[PDB]
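Structure 1 and structure 2 below are two forms of the same protein chain, each written out on its own as structure tokens.
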Structure 1
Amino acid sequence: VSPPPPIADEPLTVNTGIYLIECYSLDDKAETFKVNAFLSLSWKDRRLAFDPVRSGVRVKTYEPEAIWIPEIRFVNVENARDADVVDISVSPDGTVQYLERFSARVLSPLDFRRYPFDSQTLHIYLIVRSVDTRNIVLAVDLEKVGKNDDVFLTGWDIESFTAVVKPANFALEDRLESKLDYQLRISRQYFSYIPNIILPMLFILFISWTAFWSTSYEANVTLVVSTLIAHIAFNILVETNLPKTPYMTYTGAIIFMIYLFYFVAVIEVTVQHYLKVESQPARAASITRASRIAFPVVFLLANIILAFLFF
């Protein structure tokens, strides 16, 4: 239990590898996911070397307390991960192969700008702090980095899991720290949002537009106000599935714009009635006649303009 000293003054390299067994619980509001994975570590501790011939074994086993093991920690987790050591195997030249299975709740932020058509890059950061008698550095053994074929992140498609090979070394409170960037890349499954949120929301909007083929204020006011309410619901529904971003989300813009198309419609519906009461069904009907086209056209127009600004 003290770090393997340098036959010189080289920094000690620890080889890391993560193999995801489960991803689950990608919580958008909290911006967390839960992982369940193999962590693999490898470094040379010459003090542990031995003879295959004399000792008679090709490889020797140790319990974690027996030998020095590098204090590797995750940077962006809620709590210290729950780890369970699975195997420590030393080879004759003093090469250690560490293997734990852990579970942690990771805290990587998401970009909601293109929601629900967004993609994310999840981050799991490995870090290790250098000790007083030598510098420890992390490196990625690509051979030991992966994920099993089952790994299903409910509601998301998993594109890739890779590590940035080059550690970011830097100084944190006196000693030096080595940080590795594992990257889980995912894209949201947009399908459900279509029949659940987007279409219904459009339907109630279209239903509102039939007031342009009506002359009854007593009824138009009921069409336009009733649906505006239904819209409010969908609005609230959506913003309870989402963290409060300081930027504007796509679904948020669309949802907000539609408020305008309701307010303008209530205006037109009111203007039209104001005329009819003053005996002007002529002016009214010419406005009402334009609305029937102006709305769907300015809508299908502005949506195009949003999509542009967003994709």
Structure 2
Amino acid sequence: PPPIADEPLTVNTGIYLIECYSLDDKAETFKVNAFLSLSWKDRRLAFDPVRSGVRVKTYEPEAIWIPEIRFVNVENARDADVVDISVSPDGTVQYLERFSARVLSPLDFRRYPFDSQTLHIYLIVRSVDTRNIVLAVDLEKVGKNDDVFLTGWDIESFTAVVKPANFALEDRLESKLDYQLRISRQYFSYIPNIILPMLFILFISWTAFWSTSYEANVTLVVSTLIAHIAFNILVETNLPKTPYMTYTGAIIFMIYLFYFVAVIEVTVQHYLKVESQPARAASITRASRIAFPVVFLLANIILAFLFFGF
């Protein structure tokens, strides 16, 4: 029994984040616990302040007609408990639930460890014999405690795109809103745990540039190649199969090449010291000691620039 109206019914939405948690990079989902605020005029139940009762009249969800508000990018149905319905005299309804869903928003791993994201929450509504349109009441969308967590992320801003997008979908029109959570990843733990360790082993790798033993150099350059695969895997692990290239996926793959041409050198600095041409060998080896570090630091500037600086 929807509220009889002369035009499009405005439902006035507002989300207040109470808890954020479980941002699953692999899954590309997070979990929210918030307030939903709906409000619309159903004049059909305005109620004579003085004539009876009190200032405001309280209802159970069954009584009133409530607008069916669905979240769009959600796995299962939004899990909600009604907190209060309060009809104002003029026929204004104030609805308030507390829901918990896990939302499905895509992330952009392009700058992986140093990346910021904008999460989305949608809210559609479908029409019947009247149209409905959603819209934000900003006093109820200050959504966010001074307690919102989200481990390993810094929360920048919860806001809402005030103009809804109104599709037609299956011979009935729908009204969609875009709530936006802007977060930036807490890169750091990545330094002492991946980045720094990753470099160290690469440096040790080409400690083999001041050595003449094949046996000790294959042991060197190869044993580190392994440890890098370990790191390579450790990372490719907490991360989805993007169809593009991640920043660390680059520098991680680049690094693979320095292990190759290092191995290529050590190997050459040998079919050229067993050929009694050590003239040339100790010549190559010596250049390496400069070329490798320099080309690296260069490729990183090049690489780095190509990702962030553009």
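For residue numbers, the reference is structure 1: its sequence is counted from 1. By rigid core we mean the largest C-alpha set that fits within 1.5 Å across both forms. Shifts are known only where both forms have a C-alpha.
Rigid core superposed between the two structures, residues 136, 205, 180, 96 considered: the one with a C-alpha shift of 2 Å or more is 136. With a cut-off of 2 Å and the rigid core superposed, residue 75 has a Cα displacement that falls short of the cut-off between the two structures. Relative to the superposed rigid core, residue 228 undergoes a CA displacement smaller than 2 Å between the two structures. Relative to the superposed core, residue 145 shifts its CA atom by 2 Å or more between the two structures. In this core superposition, residue 50 moves its Cα by 1.0 Å between the two structures. Per-residue C-alpha deviation between the two structures, core superposed: residue 9, 3.2 Å. A C-alpha shift of 0.1 Å is found for residue 189 between the two structures, based on superposition of the rigid core. In this core-based overlay, residues 4-9, 132-145 form runs of three or more whose Cα positions differ by 2 Å or more between the two structures.
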